[PDB]
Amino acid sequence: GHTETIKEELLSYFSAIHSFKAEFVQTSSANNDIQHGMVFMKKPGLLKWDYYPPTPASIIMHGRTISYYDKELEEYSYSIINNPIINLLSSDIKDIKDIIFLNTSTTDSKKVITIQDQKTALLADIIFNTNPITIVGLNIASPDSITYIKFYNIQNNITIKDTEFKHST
């Protein structure tokens, strides 16, 4: 409904989450392809994705930087990106800029928050469990495709060393 109340709710739920390690399942309407992996998140900006043998890879995301390690070809790739949406998972909501908070739907002991990125015009739906506060889903929608991510076997506020979000030759 009202935008600033939605901002309050989102920042509360995200403050609750200081980090998480979970398994993820990702799919898209573009195809019938499914993807599985692990995801690590440490709130001061650090995100990491381990994609499983069908597409074996390790991605580390922080702000504008993607670090991609292909484990098959054992190849590294450091690239500058924007991706304001996914990295929102690892974000202090107080600091986040260039975002519109559209809606907040509550139903079935489950909380959904809708936002849009001003630049990319990409929509994001964030799905939390009310009790305990956990991020269980994230969908990203555009006029052409929609992507679904579902997290399971979640571990909120668990210890993860900053050395985890790092690999090198």
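From 1 onward, residues are counted along the sequence shown.
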query: Of 44-52 and 96-104, the stretch whose C-alpha atoms average the higher B-factor in the entry; finding: 96-104
query: Stretch with the higher entry mean CA B-factor, where the candidates are 125-133 and 34-42; finding: 125-133
query: Per the PDB entry, maximal CA B factor within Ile154, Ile146, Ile149, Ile160; finding: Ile160
query: Record-listed C-alpha B factor of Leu11: chain third; finding: highest
query: Where the record places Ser79 (Cα B-factor, split into thirds across the chain); finding: lowest
query: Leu89 by Cα B-factor - lowest, middle or highest third of the modelled chain; finding: lowest
query: Chain-wide C-alpha B factor ranking for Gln118, given as lowest, middle or highest third; finding: highest
query: CA B-factor placement of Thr27, once the chain's modelled residues are sorted into thirds; finding: lowest
